[PDB]
Each structure stands twice: as structure tokens, then as C-alpha cells.
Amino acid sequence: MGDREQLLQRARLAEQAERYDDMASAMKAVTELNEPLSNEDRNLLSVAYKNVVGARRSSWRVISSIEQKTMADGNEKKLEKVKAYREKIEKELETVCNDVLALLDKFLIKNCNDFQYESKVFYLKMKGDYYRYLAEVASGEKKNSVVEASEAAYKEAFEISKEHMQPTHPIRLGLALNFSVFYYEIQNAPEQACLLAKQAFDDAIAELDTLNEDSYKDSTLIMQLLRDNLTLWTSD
């Protein structure tokens, strides 16, 4: 019927067709109607941009790896062409990230009240994520800026999640995971990263026995990822 439901139908059709730029364009339009998102709406927004930015991040890593190998060989003429393509992909990646960040700051985080803890944590975790993707491709003072913005967002998300969410909550577990990944991959702080991931895993597993079947599947999937990272990270 209505216009918002029309945009949401577009977003789920696009998801089913694996047309994530269409999906992200639709969820962006939903957000800019300045009405809050339900739990399912937030997930459609997250799935859409995760896929759009993830395609760009994958492409960027491949071409940047080719760029480093071209520079080592000193093929200056080929390096200039690889660099131009890497920068093309990079600008797409940064625009996707800034689109998301604008939605979070102008709408989603902005319109949360202080008692919508799940919304706040969800949006602040996502702000941490998209600043972290910006950090992955930045260097120098540009990198330090988005790194500080990522950590600040993650930190506030985690304090709210600790104070208002059970250790088993998938969103709080997903935030601990991504925050520990931030420390390990972005900050090169393995001890901080392991300390965080291990605290999150131990806090969740003690209360896991109290979940219904469906809630247990969600939490354990994320806890297994925490456990895998901890094993990989301590082995170096």
C-alpha cells in the first residue's frame, strides 16, 4: 500500500535478486523519511550496506595487493594504471561509508531516545564498523581521524550494551566481536583485542543455558567466531 512499505518491498525484492545497490538505495530512502526503523528494517539496512561495502572492500584488497607487487617490481608505468584503479575503488568505498555515516548522524542515532538501548547500540556499532572500513584504506593523519571516530563509537556502544543488554544478546556479542577485531586489525593491539573477545565469550557462555532454541543458535554462532579469532590471534 503506502510509500514506506513500497520502499521496503523494493529492498526485499532487491535482496532476493542479490541487487544490493538497489537494496541500499531503497533503505537509504526509507531512513530519510525521518521515521524510525523497526528491528527488521534495521537488519535490511545493515544487510544492504554490508554487501555493497563488502564488494568494494574485497575488490580494494585485491587491487591494492597487485599495486604493492607492481611497485616492488618497479614497473612504474603499470603502477600508475593499477594505482588509478585502486583509487577509483577506494573512492566508491569511501562514498558508501560516508553515505551510511550521514544516515546514522542525520537520522538514526539522532532520533533515538535514551531508552531505546538496542537501537542506540545497533547504530553506534554500525558507526564504529563504517569508520573502521574507512581506516582499512587510510594512512597517516587521515587514518588516525577515522580510527579515533571508530573507537569512540564502539566504546559508547559497548558501555550502553554492558549496562542494558544481556551478555548473550546477539547485538552485544556482535559488537564485542567487531570491537575486538578493531583492536586487533586496526590498532594492532592483540592483547587488548583478546582481552575483550575473551571477556565477551566468558560472560555469554555462563548464561547460554537459559535460552530458547532460536535465541541459542544466534548467540552461539557469534560466540564461535569469538573463539576462532581468539585461537588465531594468540597463535600469531
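Residues carry their position along the shown sequence, with the first being 1.
As recorded in the PDB entry, 74-82 is the stretch of 120-128 and 74-82 with the greater mean C-alpha temperature factor. In this entry, the higher average B-factor at the C-alpha atoms falls on 205-213, of the pair 35-43 and 205-213. Taking only the listed residues 137, 112, 96, 146, the entry reports the highest CA temperature factor at 112.
In this entry, the residue among 101, 157, 165, 108 with the greatest C-alpha B factor is 165. Remark: residue 57 belongs to the lowest third of its chain, ranked by C-alpha B-factor as recorded. Residue 64: CA B factor lies in the lowest third for its chain, per the PDB record. Among the modelled residues of the chain, residue 50 sits in the lowest third by CA temperature factor in this PDB entry. When the modelled residues of the chain are ordered by C-alpha B-factor, residue 26 sits in the middle third.
The entry lists a Cα temperature factor for residue 195 that places it in the highest third of the chain's modelled residues.
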